[PDB]
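K.L.:
Have a look at this one before I ask anything.
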Amino acid sequence: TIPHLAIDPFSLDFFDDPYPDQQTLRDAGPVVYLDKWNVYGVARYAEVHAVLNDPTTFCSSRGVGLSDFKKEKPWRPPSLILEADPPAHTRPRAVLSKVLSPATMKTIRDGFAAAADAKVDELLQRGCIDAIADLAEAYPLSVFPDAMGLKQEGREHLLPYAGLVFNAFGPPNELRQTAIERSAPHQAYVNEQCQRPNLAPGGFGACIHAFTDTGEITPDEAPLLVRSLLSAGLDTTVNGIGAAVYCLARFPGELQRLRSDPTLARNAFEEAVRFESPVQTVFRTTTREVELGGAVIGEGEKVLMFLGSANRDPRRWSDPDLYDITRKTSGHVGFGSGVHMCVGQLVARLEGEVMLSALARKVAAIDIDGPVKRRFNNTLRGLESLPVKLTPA
Ligand code: HEM
Ligand SMILES: CCCc1ccc(C(=O)O)cc1
Ligand SMILES: [Cl-]
C-alpha cells in the first residue's frame with residue numbers, strides 16, 4: 001500500500017538539486033516510506049498541512065528531528081517550545097509571542113530599516129560583493145545580536161551554533177556527526193549568554209527574563225527560551241534574505257517590478273520564503289495508530305514533512321517553480337502551520353521587508369558575476385557564496 005523509496009533526502013546530491021526527487025516523492029503517493037532512514041514521508045501540500053495541524057497525533061515532544069527522544073538522549077536539553085506539546089507548550093509560546101510582539105516590532109523597526117539602508121549604501125560603494133557574507137549574513141548580524149542584548153565578544157559563535165542545531169535535526173550522517181564533534185565551544189558560549197546578567201536591558205533576552213513572574217514561565221525556564229532565539233533567530237533569516245537576493249538575481253523582471261513599487265517588498269520576501277523554503281524539513285512522532293492519506297501509520301513512528309516540496313506542490317500552487325512577487329503567498333508552510341508556526345515570523349518578515357525595500361529603492365540591477373556555491377545542511381537550504389555586481393539606481 002505505502003510505496004517504499006530509496007531516496008535519501010539528507011544526501012548531498014539531494015541538497016544540490018532537490019526538485020526532481022521532491023516530485024518523485026509527491027507523485028509516488030500521499031504517504032511514502034523512506035527505507036534509508038525508516039521514516040514515513042509526506043511531500044504534498046495537503047498532507048504536510050494536515051500533519052502540522054494535528055499536534056495531538058503528530059507530536060513534537062519526542063523531537064522534531066530524526067532522533068526519537070523516547071529512544072535516544074537528545075543532544076542538548078529539549079527546547080521548551082519547539083520540542084514541547086500542548087499544554088506544556090502553551091505558556092512558553094505565549095511569552096515568546098509577547099516578547100516578539102507587534103509593540104516590540106514598532107520599537108525596533110526604524111533602527112532595523114536604517115541598518116538595512118546603510119548596508120546597501122555600503123555595498124554600492126564596493127560594486128562587486130558576495131551577497132551571502134556581505135549581505136545575507138552581514139545584515140542580520142548587524143541588527144539581531146544587538147536586538148537580543150548580546151555583548152560584542154563571542155558573536156562569532158552564533159552562526160556555527162545555529163548550523164549545528166539544524167544539522168542535529170537530521171539523521172546521524174557525516175554532516176550531523178561532524179557538527180556535534182565541533183559543538184562544545186559554541187554550546188558553551190550560547191548557554192552562558194542565556195543567563196540574565198549577560199543580556200542587555202531592553203533586549204529580547206532581558207524581556208524573556210522579565211516575564212518570569214507572571215505565572216507563565218519560571219526563572220529557570222528563561223535561559224532555555226533565550227536559547228531558542230539564539231538557535232532559530234539568526235541563521236534562518238540569513239538564508240531567507242539570501243533566498244530573496246538569489247531570486248531577484250535570477251529573475252530580473254521581478255527586481256524590475258519591485259523597484260517600480262517598493263511596497264511589494266514584504267510579499268517579495270514572503271514569496272522567497274515559499275520559493276526556497278530555508279527550513280526544508282521538520283519531523284513529528286505519531287502518538288497512536290493513525291490513518292493519513294490512506295496509510296495506516298502505527299504508534300511511535302517518525303514522520304518527515306517536506307516543507308519545501310509542499311511549497312512547490314502543483315496541486316496547491318499555480319506555476320510553483322516561478323518566483324512571483326505578487327503571488328498570493330498566504331498558506332505557504334515555510335514558517336510552519338498551526339500551534340508551532342514560527343513565533344519569530346514578525347522579526348523575520350521585518351528584516352526581509354526592510355532589506356528588500358532598501359534594494360528596491362537603491363539598486364538598479366543585481367547580476368551574478370562569479371561562481372555560485374551552495375551550503376549543505378541537513379535542515380537548512382541556502383548558499384555559501386553568491387557573487388553579484390550591484391548597479392546603483
Ligand atoms: C525566514 C526565517 C525563518 C524561517 C523560514 C523559520 C521557520 C520556522 C518553522 C518552519 C518553524 C516551525 C517548526 C515546527 O513546526 O516544528 C519555526 C518555529 C520557530 N521559530 Fe522560526 N523561522 C524563521 C525565523 C525565526 C526567527 C527570526 C526567530 C526568532 C527571533 C524564530 C524562532 C522560532 C521559534 C522559537 C520557533 C518555535 C515555535 C514553536 O515551537 O511554537 N524563527 N520557524
Ligand atoms: C525547527 C524550526 C527552527 C527552530 C530551531 C530551534 C528552535 C529552538 O531551539 O527552540 C526553534 C525553532
Ligand atoms: Cl546547546
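Just remember, in the C-alpha cells the first chain shown is A, the second B, etc., residues are 1-based per chain, and ligands are 1-based in the order shown.
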Quick one: residues within 12 Å of residue 72 in chain A, only C-alpha atoms, excluding same-chain residues fewer than 5 positions away - as a list in words?
P.N.:
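After dropping sequence-adjacent residues, the list is residues 62, 63, 65, 66 and 67 of chain A.
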K.L.:
Filtering to N, CA and C atoms, could you give me those residues as a PDB file, in the first residue's frame?
P.N.:
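What follows is the written file part.pdb:
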ATOM      1  N   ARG A  62       8.663  14.276  21.291  1.00  0.00           N
ATOM      2  CA  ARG A  62       9.662  13.254  21.054  1.00  0.00           C
ATOM      3  C   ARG A  62      10.696  13.692  20.009  1.00  0.00           C
ATOM      4  N   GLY A  63      10.793  14.995  19.737  1.00  0.00           N
ATOM      5  CA  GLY A  63      11.819  15.543  18.866  1.00  0.00           C
ATOM      6  C   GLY A  63      11.257  15.878  17.493  1.00  0.00           C
ATOM      7  N   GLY A  65      13.499  16.322  14.981  1.00  0.00           N
ATOM      8  CA  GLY A  65      14.482  15.737  14.096  1.00  0.00           C
ATOM      9  C   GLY A  65      14.252  14.234  13.994  1.00  0.00           C
ATOM     10  N   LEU A  66      15.202  13.550  13.342  1.00  0.00           N
ATOM     11  CA  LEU A  66      15.055  12.099  13.180  1.00  0.00           C
ATOM     12  C   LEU A  66      15.029  11.385  14.526  1.00  0.00           C
ATOM     13  N   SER A  67      15.923  11.752  15.430  1.00  0.00           N
ATOM     14  CA  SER A  67      16.002  11.072  16.711  1.00  0.00           C
ATOM     15  C   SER A  67      14.690  11.148  17.499  1.00  0.00           C
TER      16      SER A  67
END
K.L.:
Please identify every polymer residue within 6 Å of ligand 2, using only C-alpha atoms and all ligand atoms, and present the set as a PyMOL selection string.
P.N.:
chain A and resi 79+81-82+228+231-232
K.L.:
Please determine, counting only C-alpha atoms, which residue among A:257, A:119, A:285, A:3 has the shortest atom-to-atom distance to residue 68 in chain A.
P.N.:
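That would be A:285, the residue with the smallest distance to residue 68 in chain A.
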K.L.:
Hey, which residues sit close to ligand 3? Say within 10 Å, counting only C-alpha atoms and all ligand atoms, and write them as a ChimeraX atom specification.
P.N.:
/A:75-79,161-162,164-165,183-191,224,227-228,230-231
K.L.:
Please, could you write that set of residues out with C-alpha atoms as a compact mmCIF listing (two decimals), in the first residue's frame?
P.N.:
# COMPACT_ATOMS: atom_id res chain seq x y z
CA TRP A 75 21.98 16.03 22.00
CA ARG A 76 21.03 19.03 24.18
CA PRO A 77 18.22 19.57 26.72
CA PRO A 78 14.93 19.75 24.78
CA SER A 79 13.62 23.08 23.66
CA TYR A 161 25.89 27.10 16.79
CA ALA A 162 22.87 27.56 14.54
CA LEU A 164 24.94 22.72 14.48
CA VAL A 165 21.30 22.92 15.62
CA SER A 183 29.97 21.74 19.19
CA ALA A 184 31.50 22.24 22.63
CA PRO A 185 32.77 25.87 22.39
CA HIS A 186 29.68 27.14 20.57
CA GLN A 187 27.42 25.38 23.05
CA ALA A 188 29.38 26.87 25.97
CA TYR A 189 29.19 30.39 24.60
CA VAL A 190 25.48 30.19 23.81
CA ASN A 191 24.45 28.68 27.15
CA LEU A 224 16.38 27.81 27.56
CA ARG A 227 18.48 29.59 23.78
CA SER A 228 15.56 29.13 21.43
CA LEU A 230 19.77 32.18 19.60
CA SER A 231 19.11 28.83 17.91
K.L.:
Which of these residues is nearest to ligand 1, using only C-alpha atoms and all ligand atoms: A:348, A:388, A:292, A:258?
P.N.:
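Under the stated criterion, the closest residue is A:348.
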K.L.:
A:251, A:58, A:169, A:45: which is nearest residue 300 in chain A, counting only C-alpha atoms?
P.N.:
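Using only C-alpha atoms, the shortest distance to residue 300 in chain A belongs to A:58.
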K.L.:
Could you list the protein, DNA and RNA residues that have any atom within 8 Å of ligand 1, counting only C-alpha atoms and all ligand atoms, and write them as number ranges by chain?
P.N.:
A: 52, 60, 64, 81-84, 89, 93, 96, 100, 225, 228-241, 273, 277-284, 307, 333-349, 352
K.L.:
Hey, which of A:318, A:213, A:135, A:86 ends up closest to residue 123 in chain A? Count only C-alpha atoms.
P.N.:
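Closest to residue 123 in chain A, using only C-alpha atoms: A:135.
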K.L.:
Can you list, as a PyMOL selection string, all residues belonging to range 314-365 of chain A that DSSP tags as alpha helix (DSSP H)?
P.N.:
chain A and resi 345-362
